[PDB]
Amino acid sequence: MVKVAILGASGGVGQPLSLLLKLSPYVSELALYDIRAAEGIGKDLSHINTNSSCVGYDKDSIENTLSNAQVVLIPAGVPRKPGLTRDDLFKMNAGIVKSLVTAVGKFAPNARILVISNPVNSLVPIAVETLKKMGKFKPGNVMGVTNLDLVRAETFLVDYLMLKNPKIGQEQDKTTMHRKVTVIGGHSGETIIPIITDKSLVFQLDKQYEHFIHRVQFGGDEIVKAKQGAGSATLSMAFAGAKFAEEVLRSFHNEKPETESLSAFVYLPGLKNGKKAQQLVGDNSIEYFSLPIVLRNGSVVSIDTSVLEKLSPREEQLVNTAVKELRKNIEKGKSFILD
């Protein structure tokens, strides 16, 4: 009995995201919004025989969309095309995020905002600074959705074990690999830090360990390449988004998350153990990081810093490389709002 709003519901990620949300038993009302086509998508989903009402809204009805929404998912954004650089992509997506998050601050300021659009590293700071200007920022209620990195880590860990030690590989369940790997950091390239917490599995991977790390880090490129440079992960991104959203929704329902060490990109200074986590990643002013979180009533109430205590030596070096680049991605987002 959570009301969920999806902003950007007609897009490549948004459609399958809206479908997976419609299937959740934790949702009572699903409201879909987009500048185009959301009413028809809503109507199509409304035929599905699960116990949630689903309505889509036209471009002028964002207030009806958001009214009393407890959770707001934002996969809105512009897709890559000829003549649009990564910096154009950034600037248009930053304008979209600014505008959507402003609307949340106006029409549903108590909502948990789950930012799915990319680049997360910069767009989450944009969301936070947009809300601070408005006096509507609650640190536990803004989460960058980084879960696709964990999902990839769980899948590739098993793929590399199959390839390397078939007997150990055959023993693994891709759906429970979160017990053995945790992914922290940012959401792009070398900001992504996969931490295998079971050292026997690091042993079993042998010389595939670095290939594994590279593959989780550059997973998105593998799809962009598989799609001839024309698109990126849509379906797996919608999957990872809905899986994270479900963990958030379970917390309204007094249920423990199914994912061990579930991570999200969050505002460290405003959250319990955030200071400790800044100390552990070796940068005392770094404002954002994806780390394990504890949810209560849909809100992040503290950061679990366990994983950072027990880091291997090589993991320490990944963390340092990530932090360097993440500081600049954070500042690029901050300066979009602060100028």
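Start at 1 and count along the sequence shown; that's the residue number.
For the segment pair 160 to 168 and 115 to 123, the entry gives 160 to 168 the higher mean B-factor, averaged over Cα atoms. Two stretches are in play, 222 to 230 and 95 to 103, and the higher mean C-alpha B-factor belongs to 222 to 230. The PDB entry gives the largest Cα B-factor of the residues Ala38, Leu66, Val27, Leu311 to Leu311. The PDB entry gives the largest Cα B-factor of the residues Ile184, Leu235, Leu89, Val128 to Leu89. When the modelled residues of the chain are ordered by their C-alpha B factor, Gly282 lands in the highest third. Placement of the Cα temperature factor of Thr50 within the chain: lowest third of the modelled residues, per the deposited record. Per the deposited record, the Cα B-factor of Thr197 falls in the middle third when ranked against the other modelled residues of its chain. Split the chain's modelled residues into thirds by C-alpha temperature factor. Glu255 is in the highest one. Split the chain's modelled residues into thirds by C-alpha temperature factor. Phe244 is in the lowest one.
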